[PDB]
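See below for structure.txt, which holds compact mmCIF, N, CA and C atoms.
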```txt
# COMPACT_ATOMS: atom_id res chain seq x y z
N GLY A 1 9.69 74.83 54.94
CA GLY A 1 10.18 73.65 55.62
C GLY A 1 10.68 72.59 54.66
N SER A 2 11.97 72.29 54.73
CA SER A 2 12.57 71.29 53.85
C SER A 2 12.65 69.93 54.55
N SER A 3 12.57 68.86 53.76
CA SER A 3 12.63 67.51 54.30
C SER A 3 12.79 66.48 53.18
N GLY A 4 12.72 65.21 53.55
CA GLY A 4 12.86 64.15 52.56
C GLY A 4 12.97 62.78 53.20
N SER A 5 12.24 61.81 52.66
CA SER A 5 12.26 60.45 53.18
C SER A 5 11.69 59.47 52.16
N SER A 6 11.95 58.18 52.37
CA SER A 6 11.47 57.14 51.47
C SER A 6 11.78 55.76 52.03
N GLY A 7 10.94 54.78 51.67
CA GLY A 7 11.14 53.43 52.15
C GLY A 7 10.39 53.15 53.43
N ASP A 8 11.10 52.68 54.44
CA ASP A 8 10.50 52.37 55.73
C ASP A 8 11.29 53.00 56.87
N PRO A 9 10.62 53.20 58.02
CA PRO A 9 11.24 53.80 59.20
C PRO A 9 12.27 52.87 59.85
N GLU A 10 11.88 51.62 60.05
CA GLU A 10 12.77 50.63 60.66
C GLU A 10 14.08 50.52 59.88
N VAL A 11 14.02 50.84 58.59
CA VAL A 11 15.20 50.78 57.74
C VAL A 11 16.37 51.55 58.36
N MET A 12 16.23 52.87 58.42
CA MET A 12 17.26 53.72 58.99
C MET A 12 17.23 53.67 60.51
N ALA A 13 16.03 53.62 61.07
CA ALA A 13 15.87 53.56 62.52
C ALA A 13 16.68 52.42 63.12
N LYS A 14 16.88 51.37 62.34
CA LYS A 14 17.64 50.21 62.79
C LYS A 14 19.06 50.61 63.19
N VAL A 15 19.59 51.63 62.52
CA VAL A 15 20.93 52.11 62.81
C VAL A 15 20.99 52.83 64.15
N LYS A 16 21.99 52.49 64.96
CA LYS A 16 22.16 53.10 66.27
C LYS A 16 23.59 53.60 66.46
N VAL A 17 24.25 53.91 65.35
CA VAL A 17 25.62 54.40 65.39
C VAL A 17 25.84 55.52 64.38
N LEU A 18 26.50 56.58 64.81
CA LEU A 18 26.78 57.72 63.94
C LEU A 18 28.24 57.74 63.51
N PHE A 19 28.48 58.07 62.24
CA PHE A 19 29.84 58.13 61.71
C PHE A 19 30.29 59.57 61.53
N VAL A 20 31.02 60.09 62.51
CA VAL A 20 31.51 61.46 62.46
C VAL A 20 32.88 61.53 61.79
N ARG A 21 32.92 62.11 60.60
CA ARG A 21 34.17 62.24 59.85
C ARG A 21 34.72 63.66 59.95
N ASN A 22 35.97 63.84 59.53
CA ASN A 22 36.61 65.14 59.57
C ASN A 22 36.62 65.70 60.99
N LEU A 23 37.51 65.16 61.82
CA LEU A 23 37.63 65.61 63.21
C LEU A 23 38.85 66.50 63.39
N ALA A 24 39.04 66.99 64.62
CA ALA A 24 40.17 67.85 64.93
C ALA A 24 41.28 67.07 65.62
N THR A 25 42.52 67.47 65.37
CA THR A 25 43.67 66.80 65.97
C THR A 25 43.98 67.37 67.35
N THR A 26 43.57 68.62 67.58
CA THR A 26 43.80 69.28 68.86
C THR A 26 42.77 68.84 69.90
N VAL A 27 41.58 68.49 69.43
CA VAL A 27 40.51 68.05 70.31
C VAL A 27 40.83 66.71 70.95
N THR A 28 40.14 66.38 72.03
CA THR A 28 40.35 65.12 72.74
C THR A 28 39.05 64.36 72.92
N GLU A 29 39.16 63.08 73.25
CA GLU A 29 37.98 62.24 73.46
C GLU A 29 37.04 62.86 74.49
N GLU A 30 37.61 63.65 75.40
CA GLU A 30 36.83 64.30 76.44
C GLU A 30 35.86 65.31 75.84
N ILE A 31 36.39 66.21 75.01
CA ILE A 31 35.58 67.23 74.37
C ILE A 31 34.48 66.61 73.52
N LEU A 32 34.85 65.62 72.71
CA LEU A 32 33.90 64.94 71.84
C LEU A 32 32.82 64.24 72.66
N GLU A 33 33.19 63.78 73.85
CA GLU A 33 32.25 63.09 74.73
C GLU A 33 31.31 64.09 75.40
N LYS A 34 31.77 65.33 75.54
CA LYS A 34 30.97 66.38 76.16
C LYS A 34 30.12 67.10 75.12
N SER A 35 30.58 67.09 73.87
CA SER A 35 29.87 67.75 72.79
C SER A 35 28.56 67.02 72.47
N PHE A 36 28.58 65.70 72.63
CA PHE A 36 27.40 64.89 72.36
C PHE A 36 26.61 64.65 73.64
N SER A 37 27.31 64.55 74.76
CA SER A 37 26.68 64.32 76.05
C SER A 37 25.59 65.36 76.32
N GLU A 38 25.76 66.54 75.74
CA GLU A 38 24.79 67.62 75.91
C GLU A 38 23.42 67.21 75.38
N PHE A 39 23.41 66.29 74.42
CA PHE A 39 22.17 65.81 73.83
C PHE A 39 21.59 64.65 74.63
N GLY A 40 22.43 63.65 74.89
CA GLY A 40 21.98 62.49 75.65
C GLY A 40 23.14 61.69 76.22
N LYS A 41 22.87 60.95 77.29
CA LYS A 41 23.90 60.14 77.93
C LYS A 41 24.57 59.22 76.92
N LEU A 42 25.78 59.59 76.50
CA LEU A 42 26.53 58.79 75.53
C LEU A 42 26.78 57.39 76.07
N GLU A 43 27.39 56.54 75.24
CA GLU A 43 27.69 55.17 75.64
C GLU A 43 29.19 54.93 75.65
N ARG A 44 29.87 55.37 74.59
CA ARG A 44 31.31 55.20 74.48
C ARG A 44 31.83 55.81 73.18
N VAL A 45 32.96 56.51 73.27
CA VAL A 45 33.56 57.15 72.11
C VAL A 45 34.99 56.66 71.89
N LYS A 46 35.39 56.55 70.63
CA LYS A 46 36.73 56.09 70.29
C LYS A 46 37.29 56.89 69.12
N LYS A 47 38.56 57.28 69.22
CA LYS A 47 39.22 58.04 68.17
C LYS A 47 39.87 57.12 67.15
N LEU A 48 39.20 56.93 66.01
CA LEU A 48 39.71 56.07 64.95
C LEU A 48 39.80 56.83 63.63
N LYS A 49 41.02 57.09 63.18
CA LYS A 49 41.24 57.81 61.93
C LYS A 49 40.68 59.22 62.00
N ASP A 50 40.50 59.84 60.84
CA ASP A 50 39.97 61.20 60.77
C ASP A 50 38.56 61.26 61.36
N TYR A 51 37.93 60.09 61.50
CA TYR A 51 36.58 60.01 62.05
C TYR A 51 36.60 59.46 63.47
N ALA A 52 35.42 59.24 64.03
CA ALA A 52 35.29 58.71 65.38
C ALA A 52 34.09 57.79 65.50
N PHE A 53 34.11 56.93 66.52
CA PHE A 53 33.01 56.00 66.75
C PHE A 53 32.36 56.24 68.11
N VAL A 54 31.16 56.80 68.09
CA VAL A 54 30.42 57.08 69.32
C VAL A 54 29.15 56.25 69.40
N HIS A 55 28.83 55.79 70.61
CA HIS A 55 27.63 54.98 70.82
C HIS A 55 26.62 55.73 71.68
N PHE A 56 25.34 55.44 71.47
CA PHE A 56 24.27 56.09 72.23
C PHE A 56 23.38 55.05 72.91
N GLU A 57 22.73 55.46 74.00
CA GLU A 57 21.85 54.57 74.74
C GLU A 57 20.78 53.98 73.83
N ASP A 58 20.45 54.70 72.77
CA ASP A 58 19.44 54.25 71.82
C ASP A 58 19.55 55.02 70.50
N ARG A 59 18.64 54.74 69.58
CA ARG A 59 18.64 55.40 68.28
C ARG A 59 18.07 56.81 68.39
N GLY A 60 17.11 56.99 69.29
CA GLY A 60 16.50 58.30 69.48
C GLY A 60 17.51 59.35 69.91
N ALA A 61 18.54 58.92 70.63
CA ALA A 61 19.57 59.83 71.11
C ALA A 61 20.59 60.13 70.01
N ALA A 62 20.72 59.20 69.06
CA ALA A 62 21.66 59.37 67.96
C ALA A 62 21.06 60.24 66.86
N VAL A 63 19.80 59.99 66.54
CA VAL A 63 19.11 60.75 65.50
C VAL A 63 18.92 62.20 65.92
N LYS A 64 18.30 62.41 67.08
CA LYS A 64 18.06 63.75 67.59
C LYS A 64 19.36 64.54 67.67
N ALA A 65 20.47 63.84 67.89
CA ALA A 65 21.77 64.48 67.98
C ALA A 65 22.34 64.76 66.59
N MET A 66 22.58 63.70 65.83
CA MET A 66 23.13 63.83 64.49
C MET A 66 22.31 64.81 63.66
N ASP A 67 21.02 64.89 63.96
CA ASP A 67 20.13 65.80 63.24
C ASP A 67 20.63 67.24 63.33
N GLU A 68 20.89 67.69 64.55
CA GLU A 68 21.37 69.05 64.77
C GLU A 68 22.87 69.15 64.53
N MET A 69 23.61 68.20 65.10
CA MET A 69 25.06 68.18 64.95
C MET A 69 25.46 68.24 63.48
N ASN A 70 24.66 67.62 62.63
CA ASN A 70 24.93 67.60 61.20
C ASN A 70 25.14 69.02 60.67
N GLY A 71 26.40 69.36 60.41
CA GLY A 71 26.71 70.69 59.90
C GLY A 71 27.07 71.66 61.01
N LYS A 72 27.87 71.20 61.96
CA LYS A 72 28.29 72.04 63.08
C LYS A 72 29.76 72.41 62.97
N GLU A 73 30.18 73.38 63.77
CA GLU A 73 31.57 73.83 63.76
C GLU A 73 32.24 73.56 65.10
N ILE A 74 33.10 72.54 65.14
CA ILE A 74 33.81 72.18 66.36
C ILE A 74 35.29 72.50 66.25
N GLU A 75 35.81 73.24 67.23
CA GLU A 75 37.21 73.61 67.25
C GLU A 75 37.62 74.27 65.93
N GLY A 76 36.70 75.04 65.36
CA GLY A 76 36.97 75.72 64.11
C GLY A 76 37.26 74.75 62.98
N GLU A 77 36.75 73.53 63.10
CA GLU A 77 36.96 72.51 62.08
C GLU A 77 35.63 72.00 61.54
N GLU A 78 35.55 71.88 60.22
CA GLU A 78 34.33 71.40 59.57
C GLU A 78 34.11 69.92 59.84
N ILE A 79 33.24 69.61 60.79
CA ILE A 79 32.94 68.23 61.14
C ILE A 79 31.77 67.69 60.32
N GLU A 80 31.93 66.48 59.80
CA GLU A 80 30.88 65.85 59.00
C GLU A 80 30.22 64.72 59.77
N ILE A 81 28.98 64.41 59.40
CA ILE A 81 28.23 63.34 60.05
C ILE A 81 27.39 62.57 59.04
N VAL A 82 27.46 61.24 59.11
CA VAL A 82 26.71 60.38 58.21
C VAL A 82 26.27 59.10 58.91
N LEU A 83 25.06 58.65 58.60
CA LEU A 83 24.52 57.43 59.19
C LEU A 83 25.38 56.23 58.85
N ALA A 84 25.90 55.56 59.88
CA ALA A 84 26.74 54.39 59.68
C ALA A 84 25.90 53.12 59.55
N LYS A 85 25.72 52.67 58.31
CA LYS A 85 24.94 51.47 58.04
C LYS A 85 25.75 50.21 58.33
N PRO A 86 25.06 49.12 58.70
CA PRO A 86 25.69 47.84 59.01
C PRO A 86 26.26 47.17 57.76
N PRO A 87 27.08 46.12 57.98
CA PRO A 87 27.70 45.37 56.88
C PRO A 87 26.69 44.54 56.10
N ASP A 88 25.53 44.31 56.70
CA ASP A 88 24.48 43.53 56.06
C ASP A 88 24.96 42.11 55.76
N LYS A 89 24.07 41.31 55.18
CA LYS A 89 24.40 39.93 54.84
C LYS A 89 25.00 39.83 53.44
N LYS A 90 26.33 39.88 53.37
CA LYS A 90 27.03 39.79 52.09
C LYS A 90 27.38 38.35 51.76
N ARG A 91 26.80 37.83 50.68
CA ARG A 91 27.06 36.46 50.25
C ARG A 91 28.11 36.43 49.15
N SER A 92 28.42 35.23 48.67
CA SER A 92 29.41 35.05 47.62
C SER A 92 28.80 34.36 46.40
N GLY A 93 29.02 34.93 45.23
CA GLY A 93 28.49 34.36 44.01
C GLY A 93 29.54 33.61 43.21
N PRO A 94 29.14 33.10 42.03
CA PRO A 94 30.05 32.35 41.15
C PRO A 94 31.11 33.25 40.52
N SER A 95 32.11 32.62 39.91
CA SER A 95 33.19 33.36 39.26
C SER A 95 33.23 33.07 37.77
N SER A 96 32.96 31.82 37.41
CA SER A 96 32.96 31.41 36.01
C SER A 96 34.32 31.69 35.37
N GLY A 97 35.19 30.69 35.38
CA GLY A 97 36.51 30.84 34.80
C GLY A 97 37.47 29.76 35.25
```

How does this structure look as structure tokens?
Amino acid sequence: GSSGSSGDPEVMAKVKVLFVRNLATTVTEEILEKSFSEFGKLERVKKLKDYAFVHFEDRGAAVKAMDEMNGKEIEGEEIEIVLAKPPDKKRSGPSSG
């Protein structure tokens, strides 16, 4: 049994959005909505660039999904999945010059 973790649960658990990269051009928002719907009642999907933006009712539906979906074959295309982290609080420092 392979695994790996570090830090805190709330850290990643805080994320409630999955970043699916490397999508298919022949596929449609319908298929992508049905591919994930099988796991849990989706929230909303959008086709943006080679990747897509899908929302879930909660984090439990995103993790349990991305967990298995991670490394799947859709429409004969290698689809990738990565946890989409927030922008966080980015401040501005000095420049000196």

Taking the DSSP assignment computed from this structure's backbone, write out as a PyMOL selection string all residues of chain A that belong to helix (DSSP H, G or I).
chain A and resi 9-13+29-37+59-69

May I ask which of the residues A:97, A:4, A:80, A:90 is the closest one to residue 21 of chain A, counting only N, CA and C atoms?
A:80

Report, in Å to a single decimal, how far apart atom CA of residue 45 of chain A and atom CA of residue 76 of chain A are.
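One can read the atom CA of residue 76 of chain A to atom CA of residue 45 of chain A distance as 20.5 Å.
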
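The residue that comes closest to residue 43 of chain A, out of A:68, A:58, A:75, A:88 and on the basis of only N, CA and C atoms, is A:58.
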
As a check of understanding: the span from atom CA of residue 42 of chain A to atom CA of residue 55 of chain A is 6.2 Å

Just list as JSON, numbers by chain whatever in chain A DSSP marks as strand (DSSP E).
{"A": [17, 18, 19, 20, 21, 42, 43, 44, 45, 46, 47, 48, 51, 52, 53, 54, 55, 56, 73, 74, 77, 78, 80, 81, 82, 83]}

Pick the closest to residue 39 of chain A from A:61, A:27, A:20, A:52: which is it, counting all atoms listed in the file?
A:61

Tell me which protein, DNA and RNA residues are within 8 Å of residue 86 of chain A, counting all atoms listed in the file, leaving out same-chain ones fewer than 4 positions away, and put them as number ranges by chain.
A: 14-16

If you count all atoms listed in the file, which residues fall within 6.5 Å of residue 23 of chain A, apart from same-chain ones fewer than 5 positions away, as a VMD selection string?
chain A and resid 50 to 51 77 to 80

Across A:17, A:28, A:36, A:46, the smallest distance to residue 85 of chain A, with all atoms listed in the file counted, is shown by A:17

Counting all atoms listed in the file, the option among A:40, A:22, A:11, A:5 closest to residue 62 of chain A
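For residue 62 of chain A, the nearest of the given residues is A:40.
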
Atomic distance atom C of residue 8 of chain A - atom N of residue 81 of chain A, expressed in Å with one decimal:
21.2 Å
